[PDB]
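Novice:
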Amino acid sequence: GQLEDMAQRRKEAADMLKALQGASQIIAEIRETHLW
Amino acid sequence: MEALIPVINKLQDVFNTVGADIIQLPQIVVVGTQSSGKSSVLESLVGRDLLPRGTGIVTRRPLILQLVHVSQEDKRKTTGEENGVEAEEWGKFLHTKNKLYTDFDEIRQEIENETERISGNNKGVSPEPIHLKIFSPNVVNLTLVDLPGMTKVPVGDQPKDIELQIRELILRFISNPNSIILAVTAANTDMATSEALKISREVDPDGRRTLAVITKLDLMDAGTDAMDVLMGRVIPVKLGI
Amino acid sequence: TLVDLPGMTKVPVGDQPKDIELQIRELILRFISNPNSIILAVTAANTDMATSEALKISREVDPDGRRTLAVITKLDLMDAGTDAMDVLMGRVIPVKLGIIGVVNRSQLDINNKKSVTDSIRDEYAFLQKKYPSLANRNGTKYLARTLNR
Amino acid sequence: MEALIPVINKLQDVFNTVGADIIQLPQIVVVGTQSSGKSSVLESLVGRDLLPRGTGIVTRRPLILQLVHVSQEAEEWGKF
Amino acid sequence: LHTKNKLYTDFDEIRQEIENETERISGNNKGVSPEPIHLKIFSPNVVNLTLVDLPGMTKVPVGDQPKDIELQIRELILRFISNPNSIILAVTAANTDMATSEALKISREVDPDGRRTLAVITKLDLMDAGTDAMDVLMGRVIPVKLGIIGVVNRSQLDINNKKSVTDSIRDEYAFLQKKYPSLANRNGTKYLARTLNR
Amino acid sequence: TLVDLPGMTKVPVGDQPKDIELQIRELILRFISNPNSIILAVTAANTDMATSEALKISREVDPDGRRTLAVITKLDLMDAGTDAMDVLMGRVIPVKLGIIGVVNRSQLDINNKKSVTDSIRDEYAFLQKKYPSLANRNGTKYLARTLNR
Amino acid sequence: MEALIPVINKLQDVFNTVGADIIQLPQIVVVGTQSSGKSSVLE
Amino acid sequence: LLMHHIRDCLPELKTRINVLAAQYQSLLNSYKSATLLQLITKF
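Protein chains in written order, with the entry's author numbering: chain A, 688 to 690, 704 to 736; chain B, 1 to 241; chain C, 143 to 291; chain D, 1 to 73, 87 to 93; chain E, 94 to 291; chain F, 143 to 291; chain G, 1 to 43; chain H, 292 to 322, 329 to 340.
1. At a Cβ cut of 7 Å, what residues of the stretch 176-201 of chain F count as close to chain C, listed as they run along the chain?
2. How big is the Cα-Cα spacing for residue 170(B) and residue 24(B)?
3. Report yes or no: is there a C-beta of chain C within less than 7 Å of the C-beta of residue 249(F)?
4. Taking the DSSP output, what are the residues bridged to residue 251(B)?
5. Taking the alpha-carbon positions, what's the residue 210(B) to residue 198(E) distance?
6. For residue 90(B), which beta-bridge partners are listed by DSSP?
7. Expressed to the nearest angstrom, what Euclidean distance is found between the alpha-carbon atoms of residue 219(C) and residue 32(B)?
8. Taking just the CA atoms, how far does residue 234(B) sit from residue 227(B)?
9. Touching or not, the stretch 155-172 of chain B and the stretch 245-261 of chain C, by the rule of three or more beta carbon pairs under 8 Å?
10. Pull up the DSSP beta-bridge partners for residue 232(E), would you.
11. Do you know how far the Cα of residue 196(C) is from the Cα of residue 306(H)?
12. Using only the alpha-carbon positions, how far apart do residue 190(B) and residue 135(B) sit?
13. Could you tell me which of 200(C), 183(C), 145(C) and 154(C) sits nearest to residue 154(F), measuring between CA atoms?
14. Cβ of residue 45(D) less than 7 Å from any chain C Cβ?
15. For residue 211(B), go through chain H and note every residue whose CB falls closer than 8 Å to its CB, in chain order.
16. Buried or exposed: where does residue 322(H) fall if 16 or more other Cβ atoms within 10 Å of its Cβ makes it buried?
17. Which ranges does the beta strand (DSSP E) cover as unbroken runs of at least 3 residues, wholly within the stretch 129-178 of chain B, from first to last along the chain?
18. Against chain E, does residue 11(G) count as a neighbour if the rule is that its beta carbon must be under 7 Å from one of theirs?
19. By the three-class DSSP mapping on this structure, what secondary structure does residue 722(A) have?
20. By the three-class DSSP mapping on this structure, what secondary structure does residue 102(E) have?
21. Looking only at its chain, what residues have a beta carbon closer than 7 Å to the beta carbon of residue 293(C), apart from the 5 residues adjacent to it on each side?
22. Span of the beta strand (DSSP E) holding residue 281(F)?
23. What is the rounded straight-line gap between the Cα of residue 48(B) and the Cα of residue 82(B)?
24. Along chain B, which residues have their Cβ under 7 Å away from the Cβ of residue 731(A)?
25. Just to confirm the assignment, what range does the alpha helix (DSSP H) spanning residue 42(G) have?
26. Have a look at 147(F), 246(F), 280(F) and 269(F) and flag the residue whose alpha-carbon is nearest the alpha-carbon of residue 175(E).
27. For residue 161(E), collect the residues of the same chain with a Cβ closer than 8 Å to its Cβ; drop the 5 residues on either side in sequence, then sort them by chain order.
28. Can you list, in chain order, the stretches of the beta strand (DSSP E) that have 3 or more residues and sit fully within the stretch 13-72 of chain B?
29. Contact defined as beta carbons within less than 8 Å: I believe residue 715(A) pairs with residue 18(B). What is the distance between those atoms, to the nearest angstrom?
30. Taking all protein chains shown into account, do 16 or more other C-beta atoms lie within 10 angstroms of the C-beta of residue 150(B), making it buried, or fewer, making it exposed?
31. Check for me: the beta strand (DSSP E) holding residue 243(C) runs from which residue to which?
32. How would you call residue 146(B), buried or exposed, if buried means at least 16 neighbouring beta carbons within 10 angstroms?
33. Ordered along the chain, which non-local residues of its own chain (more than five positions away) have a Cβ less than 7 Å from that of residue 292(H)?
34. If you count every other CB in all the chains shown that lies within 10 Å of the CB of residue 131(B), and 16 or more means buried, which is it?
35. Output yes or no for whether 7 Å exceeds the beta carbon distance between residue 127(B) and residue 62(B).
36. Is the beta carbon of residue 242(C) closer than 7 Å to that of residue 229(C)?
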């Protein structure tokens with residue numbers, strides 16, 4: 688009826717991965733003619 | 001041309017919102033010798049005088065110049081994150097409450113006041129880079145970062161660790177492999193040596209970014225050889241001169 | 143409480159006791175016998191990790207590494223070629239907590255009233271420069287969190 | 001030990017109040033080659049410098065740097 | 094001195110003797126040797142002065158050179174600069190900040206105080222408007238007790254033409270008279286030697 | 143005759159035999175015990191001079207160091223601010239032959255497999271950096287003279 | 001004032017000829033990179 | 292020049308992002330209701 705270091709590292713890794721993936725996706729979305 | 005600047009703006013906004021500054025988004029870092037024309041180059045790119053020069057440098061915080069071209073098709077993108085503005089030229093700061101400033105002198109005064117308030121008595125650095133956005137039709141889409149040089153002149157006294165703080169800030173800004181280091185130097189210092197070249201050689205054994213910009217090429221004297229100035233056969237750079 | 147234990151007195155010179163090395167060894171063994179002492183291994187980056195006696199002595203009582211942490215120093219003064227990328231990944235030093243590197247601070251920085259934030263930023267920049275993909279695995283804050291854990 | 005400032009004080013206070021044995025705090029025992037920057041790393045973790053550092057020998061003897069706070073039975090200073 | 098003390102009127106004989114000595118002492122390899130050659134020069138345009146010309150490596154790979162040239166040059170520079178008695182003369186191209194110079198950068202490792210490090214500017218024929226060497230002289234980049242001395246040298250075209258030293262001196266004097274309105278006196282071979290002695 | 147026997151080892155780590163240290167010590171003693179054998183102890187400068195195991199084993203059987211010569215290699219990694227000029231002069235351990243410190247190649251030089259002449263040049267450079275007066279004594283020429291004597 | 005430099009130079013040359021570079025006396029050492037103008041100024 | 296540099300570094304950026312992700316996954320691996334129910338039943 689009734690029934704910190706690792707968490708910080710996981711949060712930092714997840715945030716970094718999300719930021720990198722978002723930046724990569726945004727860069728890819730840029731027009732090809734505008735990436736020469 | 002109209003896409004990279006909005007991308008950088010969105011990335012900077014996301015970084016500010018999340019409060020994380022471990023890495024910096026791709027951009028161009030402007031570094032060089034003291035009084036080497038960096039402020040003059042920035043003013044010329046903007047088209048008007050809005051930064052200190054000579055023995056009057058007071059804004060030691062990192063200023064990010066994000067020039068945005070103004071066009072009919074670009075109105076929606078520029079006003080997507082803000083409200084409709086009919087002014088041809090206007091400026092704003094991300095850290096501010098979406099305030100709009102037009103006069104260049106007023107913008108300079110506000111930036112100096114904010115820098116003095118944040119830095120307080122000490123003239124060190126803070127983890128809150130100044131963000132500047134310019135929407136003018138005479139400026140093409142481009143992003144630049146301005147940092148203080150070797151301002152050893154007694155313009156009000158500086159902390160002993162001012163040089164260390166400046167070096168740390170420059171190193172952090174260039175830590176991003178996607179960020180280009182702009183070596184702004186006068187005619188005399190074409191490509192032989194510079195702080196930008198030294199930091200590029202320190203960060204990486206060679207460094208895949210080397211651009212040299214020469215300023216003050218109008219008051220020269222006739223009859224002086226300048227083959228190395230243009231051709232640069234001594235230390236040619238990857239990105240040209 | 144912060145205590146720095148010298149790596150034993152191998153060569154007794156001067157007025158030091160003849161059994162100084164034995165006493166130091168006994169004290170170290172007593173300290174590491176119980177979990178009350180945190181076994182933080184610090185080794186110079188330039189020097190070979192295996193040759194360092196800190197890891198060898200630490201692994202005697204805690205080979206698994208649950209209560210033992212490996213630290214690499216002298217990153218700024220580390221010579222070229224002796225890259226520690228393998229050590230950080232644990233391929234040569236399997237650690238249940240990972241290898242954390244710290245950049246030493248000189249006397250000039252301390253005398254210049256350098257702040258902890260500046261040191262952390264410098265360490266992160268150095269890790270990014272030397273290690274393209276191991277910057278977040280050697281932060282000072284991560285080391286502090288590991289020590290707290 | 002940035003986030004351990006209040007936790008250790010609370011543990012000491014509750015141990016004192018309950019009357020149980022006052023177990024000494026875990027001393028940081030670090031071993032290795034001299035001049036390895038152990039003192040510098042410890043000071044960086046603590047955030048303040050209280051041990052010999054810099055070039056040359058950074059450690060010469062196990063120092064019991066016991067930080068005692070009142071009521072547990087900038088302003089940093091020594092006393093013997 | 095190590096030879097028979099014969100006086101070589103033509104420097105071509107001196108160059109041939111130096112090449113033969115390098116080939117013999119160092120064998121086939123063109124590396125450095127622990128017995129530096131003793132050269133005595135007597136000219137009326139110079140005063141009592143001592144200089145050491147360390148091996149130089151071309152920035153653009155040209156010709157054939159030993160593979161270990163870089164390390165030999167590095168060790169020789171480290172040995173020479175570290176001596177407190179001998180002042181460090183760093184040759185920096187153009188009026189660029191001597192602080193970022195590679196020679197001064199390596200010297201700072203053994204001379205953190207920079208009380209015996211000197212930087213000399215070369216190839217001033219490219220001097221133009223803008224940020225001149227005034228900031229370097231004033232020590233804005235970094236305070237240096239010994240300061241910086243400006244010296245004018247031949248251009249790339251002039252060097253390729255094998256111009257005589259007298260022609261180079263005349264060109265330097267003309268450039269100083271025309272370019273510098275008041276700083277011309279700060280240069281000159283005799284003035285350079287006097288400044289070095291000071 | 144030149145022989146490079148295995149050095150003293152601490153408690154075995156990894157797959158090494160448990161009693162390998164005792165066997166190595168016995169083998170070393172079987173050869174260095176005779177007065178004819180020369181004990182040319184070499185200690186890296188990356189660690190404290192008092193923590194050298196070679197000096198410890200020399201004291202174990204040769205406290206007076208009559209036939210023991212101290213050599214300090216890899217001095218390029220020596221910590222700044224510390225000098226051993228007094229030791230080389232025999233103030234603490236006087237010897238008629240004298241203490242000669244040979245400098246080994248640097249980490250980058252070791253990796254590049256540099257020549258002996260380059261090693262000698264680097265040794266002279268470091269000796270001039272630290273103590274020019276004792277540079278001649280520390281040079282390989284003095285070692286050759288001592289071997290001839 | 002002027003006769004000291006020749007004496008120092010002669011002593012250094014003699015010591016170098018003997019084959020020992022340990023002796024250190026006041027002098028100036030030129031350090032630079034080829035094509036940087038060091039050769040031109042030396043000439 | 293900025294566009295060219297970004298295009299050149301795009302493969303390098305992707306490679307470094309992949310390396311970072313792999314390292315994070317590996318370290319996370321090295322360092329629920331069904332398990333809790335099983336533990337309660339065992340107790």
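Backbone N, C-alpha and C define an ideal beta-carbon position, used for all residues, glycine too.
Specialist: Here's the rundown:
1. The stretch 176-201 of chain F vs chain C, Cβ under 7 Å: 188, 192, 193, 194, 195, 197, 198 and 201.
2. So the alpha carbons of these two residues sit roughly 11 Å apart.
3. At least one chain C Cβ lies under 7 Å of residue 249(F).
4. In this structure chain B extends from 1 to 241, so residue 251(B) is not present and cannot be described.
5. Going from the Cα of residue 210(B) to the Cα of residue 198(E) covers about 20 Å.
6. DSSP lists 135(B) as partners of residue 90(B).
7. Cα-Cα distance, rounded: 27 Å.
8. Taking the straight line joining both Cα atoms gives about 10 Å.
9. The stretch 155-172 of chain B is in contact with the stretch 245-261 of chain C.
10. Partner(s): none; residue 232(E) has no beta bridge.
11. A straight line joining the alpha-carbon of residue 306(H) with that of residue 196(C) spans about 35 Å.
12. The straight-line gap separating the alpha-carbon atoms of residue 190(B) and residue 135(B) is approximately 32 Å.
13. The residue with the shortest Cα to Cα distance from residue 154(F) is 200(C).
14. Yes, because at least one Cβ of chain C sits closer than 7 Å to the Cβ of residue 45(D).
15. Result: 292.
16. Looking at its Cβ environment, which holds fewer than 16 other Cβ atoms inside 10 Å, residue 322(H) is exposed.
17. Here the runs fully enclosed are 130-136 and 142-146.
18. Look at residue 11(G): its C-beta is not under 7 Å from any C-beta on chain E.
19. Reduced to three states, the DSSP call for residue 722(A) is helix.
20. Here DSSP, grouped into helix, strand and coil, assigns residue 102(E) to coil.
21. A question about residue 293(C) goes unanswered here, because the residues of chain C that appear run from 143 up to 291.
22. Neither: residue 281(F) is in no beta strand (DSSP E) and is coded neither H nor E.
23. Looking at the two C-alpha atoms, the distance is approximately 24 Å.
24. Chain-ordered, the chain B residues with CB closer than 7 Å to the CB of residue 731(A) read 3.
25. Per DSSP, residue 42(G) is one residue of the alpha helix (DSSP H) stretching across 38-42.
26. Looking at the Cα atoms, 269(F) is the closest of the given residues.
27. If we look at residue 161(E) and ignore the five residues flanking it on each side, its Cβ neighbours are 124.
28. With a minimum length of 3 residues, the continuous beta strand (DSSP E) runs that stay inside the stretch 13-72 of chain B are 28-32 and 63-69.
29. With a beta-carbon spacing of about 7 Å, residue 715(A) and residue 18(B) fall inside the 8 Å limit used to define contacts.
30. Buried, by the Cβ-count rule.
31. Counting along the chain, the unbroken beta strand (DSSP E) around residue 243(C) starts and ends at 241-243.
32. The residue in question, residue 146(B), is buried, as its Cβ has 16 or more Cβ neighbours within 10 Å.
33. The beta carbon of residue 292(H) sits closer than 7 Å to no other beta carbon from its chain once the five residues preceding and following it are set aside.
34. By the neighbour-count rule (16 or more Cβ atoms within 10 Å), residue 131(B) is buried.
35. Here residue 127(B) is not near residue 62(B), since their CB atoms are 7 Å or more apart.
36. No, Cβ-Cβ distance for residue 229(C) and residue 242(C) is not below 7 Å.
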